[PDB]
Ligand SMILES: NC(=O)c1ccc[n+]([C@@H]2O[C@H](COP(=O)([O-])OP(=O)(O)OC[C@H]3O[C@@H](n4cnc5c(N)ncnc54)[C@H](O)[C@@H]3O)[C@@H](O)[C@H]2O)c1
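Only one chain comes next, encoded as structure tokens, the form solved without the named molecule.
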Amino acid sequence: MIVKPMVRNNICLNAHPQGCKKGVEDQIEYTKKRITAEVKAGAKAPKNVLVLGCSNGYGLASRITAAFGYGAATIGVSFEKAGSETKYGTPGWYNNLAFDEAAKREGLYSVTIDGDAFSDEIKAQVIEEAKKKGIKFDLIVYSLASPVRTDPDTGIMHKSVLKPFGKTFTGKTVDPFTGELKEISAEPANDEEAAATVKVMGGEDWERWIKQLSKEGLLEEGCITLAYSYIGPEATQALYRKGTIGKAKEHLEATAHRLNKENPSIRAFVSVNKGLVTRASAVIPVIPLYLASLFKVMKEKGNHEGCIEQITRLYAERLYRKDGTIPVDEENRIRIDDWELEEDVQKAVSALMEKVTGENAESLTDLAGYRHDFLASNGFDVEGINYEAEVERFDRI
């Protein structure tokens, strides 16, 4: 049948198999052009990489950059739903298929483990595969993105929330598909939601991954491990700084800190990345309007980045530099949101957000870019795909 996007409750339910494939291929093509012999010259390189949350976003870009930019062997872990002949798989499933197929063609070692990365079973499968091939990891990318986590020690499921503390957080927002400006709110959270959010979005599982791998002797001396995060603009501080998200990030930072203390042979960092369209963006106040404005400003300035641009820059200009350093802020965090949080960028975005109305939104902001990023995450609206051609089956390509 002809596959078109199906969005319900601000979520794209289905996925285009060929579109997802093309999306992966485009990132690979960029990486080959971005990470050249000259960029790599005189710098170290990853060899054995573990990527947790490898099927989309920053995780996918991290695996692609490591594999197709540096030639590294990668083990990827993600929790997908398989396609089947008549029903849809998750976009990450098709992405993983595209990646492994491309990696095989290049002659690269690539193994994808599908399952709950929060579980000890999945960790066991990783350790087993690593033991089998004599692999010691020198780079571990933690990019897990889930609203829920089942505690491996208790079996209790925890649900994260995106809410402030004390007062209700209210701000403008925009529907990129209709162009309508709205006013939405996030109610203040309780102690349970706060603890649960830290349980899900903090650094517990990350540290658990590291400690288990270290115990099995699967970490190379000086192994780099990163957990991706976000700080955001002043307008959203009520959530990302002082909200439930803010507490989770604080736990993430304290975790990277504790990791370095107990493993003198390791290099752990929180990597603060730029803002991007995510599954949860739609329900967050301010965020969609900010991002649409941010995309507009940064594309005009020439410093706009997507996932693959962000991560290739991360590898080339932070992790593997010719000077052998790893630049961090005053809190020992890697910052690649540095272009986003430039004063000239933030002032332009702030001025832009104040001028946005229902009549000028499509013209004043990059609603087009927002729609593309939202759709491309599921394989829709990507260049070079017919879309008027029908998909024969959904368990392939």
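Position 1 is the first residue in the sequence shown; the rest follow in order.
The next section is about a form of this same protein that is not shown, the form solved in complex with the named molecule.
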Just to confirm, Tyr228 within 4.5 Å of the named molecule in the deposited bound form by heavy atoms? yes
Would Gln237 count as a contact of the named molecule in the deposited bound form, using a 4.5 angstroms cut-off between non-hydrogen atoms? no
Contact test in the deposited bound form: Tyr58 vs the named molecule, heavy atoms, 4.5 Å: yes
With a cut-off of 4.5 Å between heavy atoms, is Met201 one of the residues that contacts the named molecule in the deposited bound form? yes
Every residue of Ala66, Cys223 and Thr312 near the named molecule in the deposited bound form, heavy atom within 4.5 Å: no
With a 4.5 Å heavy atom cut-off to the named molecule in the deposited bound form, the contacting stretch among 143-151, 313-321, 169-177, 67-75 is 143-151
To verify the annotation, which of these, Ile266, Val111, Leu276, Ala130, has a non-hydrogen atom within 4.5 Å of the named molecule in the deposited bound form? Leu276
Give me the residue from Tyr88, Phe165, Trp206, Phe79 that has a heavy atom within 4.5 Å of the named molecule in the deposited bound form. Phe79
